[PDB]
């Protein structure tokens, strides 16, 4: 059977009551060898290097602008239905597609991370255009084909980028990569990509220990809780997408996805168990950011959320997360 997204992705284009179309960021065709924002850290890779981060953000500026700008345009279109926003979004994505952006075989860890992040953002947003009951892509077949072929090329490459690794090298980056590949799989109806994403979820589920911790995220010391929370959105999205395609992953490794989510939310309330496990007081900075809990939307579509969990979701809605394609609450409501 053809691959499908969760039913919320079939929502009609809205008509809520007008921005213009900015120039497309220059397609990034360069090598993907970038500076790490943690350059100079020890094995925990948790010491921010402000100078390196500045260099990193500068190196990836056109990619960042593309990610944020294109998802914003799709969000605007799905909200208000102005054809100009659709036209602009498709112009941006098809320009990058035709150029073959982000396809470099020259990359380091940071660079391949950028490839999968951008793929997830753009395909995640495009998903709404593709499956909307309004069929907005009907009048844009040539551009649609160009964009989808590009996603397929990138998706195949992302599988290459994160395959062949042992568990100690499989962390939140692989989970995010698997989301990008799942998203691409459904846009492109590619079962092989779907299957890879499912396999990666299963690896993650089996990495969740008996208490709900992930060893490789615990290694990030004072950022441990933050990185556990960072693992949740791609894993929950993969499971929600897999479920409607006939693959139920909710019980993998004794309901590992639930065990991880509950451990995280326990730690958000009381930092104790994470400090005890890491031996360092946790940086709570990221845990204060509402949109970093966007995983609650697919999570509560999968599981019967207890009142604490439901309350956590309601108090932070609506969720916007460009790495998940934009309006997460809308596509699960």
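Residue numbers count along the first chain shown, from 1.
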Continuity check for residue 17 and residue 18, given as deposited residues lacking coordinates between them
1 to 3
Between 172-180 and 209-217, point out the one with the higher average CA B-factor as the PDB entry records it.
209-217
Mean CA B-factor: is it higher for 23-31 or for 281-289?
281-289
Maximum C-alpha temperature factor, selected from 294, 63, 70, 48:
48
Which of these has the highest Cα B-factor in the record: 159, 138, 198, 225?
225
Splitting the chain's C-alpha B-factors into thirds, which one does residue 328 fall into?
middle
Splitting the chain's C-alpha B-factors into thirds, which one does residue 252 fall into?
middle
Here the Cα B-factor of residue 148, set against its chain, lands in the third termed lowest
